[PDB]
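What would the 3D arrangement of this be:
(chains A, B, C, D, E and F)
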Amino acid sequence: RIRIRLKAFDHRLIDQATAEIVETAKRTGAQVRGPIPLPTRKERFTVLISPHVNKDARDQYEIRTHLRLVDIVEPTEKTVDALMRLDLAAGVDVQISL
Amino acid sequence: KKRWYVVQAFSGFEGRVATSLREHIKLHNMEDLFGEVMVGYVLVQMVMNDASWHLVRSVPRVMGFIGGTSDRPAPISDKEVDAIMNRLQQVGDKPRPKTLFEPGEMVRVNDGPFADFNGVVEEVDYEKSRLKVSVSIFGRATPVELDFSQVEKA
Amino acid sequence: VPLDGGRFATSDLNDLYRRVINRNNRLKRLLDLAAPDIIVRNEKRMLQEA
Amino acid sequence: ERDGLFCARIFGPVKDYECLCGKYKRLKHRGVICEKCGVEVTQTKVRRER
DNA sequence: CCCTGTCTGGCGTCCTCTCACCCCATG
DNA sequence: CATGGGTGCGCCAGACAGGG
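Residues are numbered from 1 along each chain as shown, chains lettered A, B, ... in the order given. I have put the structure below:
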């Protein structure tokens, strides 16, 4: 009933953090849809490295941001507070749309 | 000419009082002395003879008329009778939850688990009657949808 | 507090306060959409007696 | 009741230092209004004087 | 106004020990 | 399931009429 869309840069972190966000829900709400991954946005910035001439030495960079969905089933007040108010993992965005 | 009067019944048996009143009229056949019966108070179109007064108070589960005195009870001092019907109909049709959370306006939450929290309405939906406002939970503004009445304009 | 069975044996003051609040809510409703004088005189009189 | 003869915000929490249900189940923040429901955060005899 | 009759209120011992039973009713 | 509305006590005493 409530879309839980959460974003973070590390994949071993965003996917660790999705294990407890349903463990704090299935303990009380006892019904979640399931962990849905989403296609990651890879932003590339390839740019020069020398402070002058030699525009042939560049270094390819990439910042990968990931997205996960769990889309919890039950809108019972107990479950609502156990997710909305209880947000964990600093450095991990989580945004909810009921 | 038949003027209106107010009858008090045992509150809860009011439809049965109205039916028994119509039946007592058609028993004691004073048909020219009663016009209607409107529905804890029962409105009666009536005239005032002491016979019809004893008739209405001999109807069962009826306490008595409500007026200035019990000798000559009082017709209808309309002060807000029309206002009653008007406001009842208006509310029944629809309420008046003025879109409190407007696009780009801070709001206040007093309902659900987000009660006692403030936030801003990033998006508004007048068609869906829902305001998109996020409430700083553990610092993280938790974008949640609240109704106009569920939140107050800040 | 309830009794052995479980039904709550309620005090008399809760009946008195609950009556006064029921009548006061009815009288406020008889101030918004409201109703004629005889109605609000009986309503305020029932509140006075309550 | 939410706001009845036996309220939470108007008087106090039934349980000692417990706000209401899921809020404050230890001894650190005695006073915060439970985000879920309007309620005071005090002892058990606080309602007897209020 | 000065006495006379009426009308309502206020009150009547202290400790204990069991028992029984606490709002229908219903569209 | 919500809510909604008897007729056996007797004295004292002072306030309220009621004559007087």
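
The residue nearest the centre of chain D and DNA strand F, how far apart?
Residue closest to the average C-alpha location in chain D (CA atoms, centre = their mean): residue D:13, at 2.7 Å. Distance, residue D:13 to DNA strand F, using CB to the nearest atom of the strand, to the nearest Å: 25 Å. (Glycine included, C-beta is placed from N, CA and C.)

Kindly report the same for residue D:3.
15 Å.

hang on, the earlier thing: doesn't the residue nearest to the centre of chain D belong to a strand?
No. If the criterion is DSSP: H, G, I helix; E, B strand; the rest coil, then residue D:13 is coil and not within a strand.

show me what contacts it?
With contact taken as CB atoms under 8 Å, 6 or more residues apart in numbering or on different chains, residue D:13 is in contact with D:19, D:20, D:39, D:40, D:41, D:42.

got a list of what the residue lying closest to it once chain neighbours are set aside touches?
Computed as CB to CB, 6 or more residues apart in numbering or on different chains, the closest residue to residue D:13 that is not its neighbour in sequence is residue D:39, at 5.2 Å. Residue D:39 sits next to D:8, D:9, D:12, D:13, D:19, D:20, D:33 when contact means CB under 8 Å, 6+ apart.

Mind jotting down where the helices sit in chain A?
Shown for chain A, the helices assigned by DSSP state H span residues A:11-23, A:77-84.

Same check on chain C?
Secondary structure of chain C by DSSP H: the helices cover C:12-29, C:37-49.

Wondering if the shortest one reaches chain B at all.
In other words, helix C:37-49. Yes. Using CB under 8 Å from any CB of the partner chain, a contact is recorded between helix C:37-49 and chain B, made by C:37, C:38, C:39, C:40, C:41, C:42.

could you check the angle helix C:12-29 makes with that helix?
Counting by axes from the mean of the first three to the mean of the last three CA atoms, to 10 degrees, helix C:37-49 lies at 160 degrees to helix C:12-29.

Now do helix C:37-49: which elements does it pack against?
Helix C:37-49 sits against strand B:3-9, helix C:12-29, with contacts defined as 3 or more CB pairs under 8 Å, 6 or more residues apart in numbering or on different chains; DSSP states H and E.

ok, now the first one?
Here helix C:12-29 touches helix C:37-49, going by 3+ CB pairs under 8 Å, 6+ apart.

quick one: contacts for the residue in chain A that chain B sits nearest to?
The nearest approach of chain A to chain B comes at residue A:81, 4.0 Å away (CB to the nearest CB). Shown in contact with residue A:81 (CB under 8 Å, 6+ apart): B:113, D:22, D:35, D:36.

Can you tell me, leaving aside adjacent residues, what's nearest to it?
residue B:113 (4.0 Å).

thinking the one you found is in contact with residue A:80, fair?
Yes. With contact defined as CB atoms under 8 Å, residue B:113 reaches residue A:80; the gap is 4.6 Å.

can you map out the helices along chain D?
Counting by DSSP H, chain D contains no helices.
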